[PDB]
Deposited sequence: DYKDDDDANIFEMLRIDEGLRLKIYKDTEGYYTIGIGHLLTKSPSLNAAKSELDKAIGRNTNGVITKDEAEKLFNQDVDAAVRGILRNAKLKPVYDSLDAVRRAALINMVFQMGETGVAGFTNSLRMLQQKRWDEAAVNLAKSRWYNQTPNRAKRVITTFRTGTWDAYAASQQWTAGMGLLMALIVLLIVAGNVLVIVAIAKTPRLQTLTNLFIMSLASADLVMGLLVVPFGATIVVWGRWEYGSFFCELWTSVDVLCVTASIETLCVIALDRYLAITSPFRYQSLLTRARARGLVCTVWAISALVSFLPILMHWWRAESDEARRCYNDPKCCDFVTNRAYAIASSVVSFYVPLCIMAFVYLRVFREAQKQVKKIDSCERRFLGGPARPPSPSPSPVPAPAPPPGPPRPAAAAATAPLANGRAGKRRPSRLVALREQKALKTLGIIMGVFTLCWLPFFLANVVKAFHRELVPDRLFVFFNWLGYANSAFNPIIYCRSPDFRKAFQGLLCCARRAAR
């Protein structure tokens, strides 16, 4: 349809605020939608939504549309909002006096809260009408709107205050910046772990029994960098989950799956070396081939039971307004769980493996000083990394995970996500820590030439 250059700016504004979907999706009420929040129908029939879409677009879309087609739909919604604004004696005086950029901020509010909701801002609207930008920005910052949706409102208020697109220019610079850093993190995890996996499979010297456990670690860390970290990066750079409610449950399960398998494998490796370093002869006899494959299967079976079973059975769901809101919203994929699962998952994933690894590696330090310049220094710094890097990466998260479940207000969501990325970073550190043998080095060099 007819596009303008103003029209494209208000399109990119909400593309950032609300997201763009070029395929039919469901909104918070289960209603079929496309584009930037364009309701197709309240009918539960996907074909009926496809008929409404084809009538409006003027093409057999079969549910998929282009960006230009989404802008056609978007501009119609903007025209309707504007016609509403002009019929309302509370919004027309303010609207008529605003420049085009601040005029898009007001339309943004109406898309978020509705015509009636925005008309209740009597005093802020009067201040905007009188071009009292800083005073209007202060008053709006005190709003219920600001406290409910601070990031959205910071961007909109900056638009009222300055009349520029700076808040959205800055958001997009940040988005590309983190996307770079995320892709780098994804590269290190995948490369380092795929390098360890192939080194074991193409070298008979490396196919020992201890390194069979390290293959489990490298595999639990490989799925992390292929499925968990990449999709977890989409929530950071785009502020939303973009893949529907069903994939949020699966992604969350694969997340808890791999984190459980990876840390418990560090626990098995910690036990393995303890037996070989202390009682190497009973070690070589009791730990058979099938027993080593017995532990790894047990680790993964436990990991599936604590991830796919409770999450898909909705046992992990909290029952507050904040939690139920995120569950009904496909665009929300926050890790919000009840107290029982938050503790039970933390114990099975982190706290039990921490206690074993801490106790085991402390006793290796004990029996080393009993049977004594000395090389005890080079082995102590080694233990300091195996436990230091592990603890430093996951301890902040699993402290916040248990606390936040009881006191939701103490752990900010920003800080909570950050602690979870420290743990994500362990999947890159593990191949550096556990594959430092001369056998790996001769193999790594033989793989890269």
Deposited residues without C-alpha coordinates, grouped into stretches that follow sequence order: 373-432, 510-516
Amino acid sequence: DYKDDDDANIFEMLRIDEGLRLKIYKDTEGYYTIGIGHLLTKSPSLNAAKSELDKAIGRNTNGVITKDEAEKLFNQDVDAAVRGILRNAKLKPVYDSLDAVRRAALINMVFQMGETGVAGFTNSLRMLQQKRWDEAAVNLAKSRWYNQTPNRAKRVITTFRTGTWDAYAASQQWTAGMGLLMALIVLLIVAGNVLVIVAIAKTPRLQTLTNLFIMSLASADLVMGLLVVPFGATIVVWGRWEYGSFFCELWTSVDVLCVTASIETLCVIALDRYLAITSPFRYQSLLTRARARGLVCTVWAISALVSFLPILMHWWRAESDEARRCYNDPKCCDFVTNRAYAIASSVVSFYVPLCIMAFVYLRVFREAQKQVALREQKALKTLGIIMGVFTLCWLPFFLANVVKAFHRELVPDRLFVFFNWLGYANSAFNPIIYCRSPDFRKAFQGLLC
From here on, numbers count along this sequence of modelled residues.
Which of 384-392 and 57-65 has higher mean CA B factor, as the PDB entry lists it: 384-392
Residue stretch of maximal mean CA temperature factor, 280-288 vs 248-256: 280-288
Member of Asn88, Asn328, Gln112, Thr208 with the greatest C-alpha B factor (per the PDB record): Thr208
Residue of maximum C-alpha B factor among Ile269, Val78, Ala344, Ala170, per deposited coordinates: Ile269
Third of the chain's Cα B-factor distribution that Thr337 belongs to, per the entry: middle
Position of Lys404 among the chain's modelled residues by C-alpha B-factor, lowest, middle or highest third: middle
Ranked C-alpha temperature factor of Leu195 among modelled chain residues, by third: highest
CA B-factor ranking of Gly225, expressed as a third of its chain: middle
Among modelled residues of the same chain, the CA temperature factor third for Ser320: middle
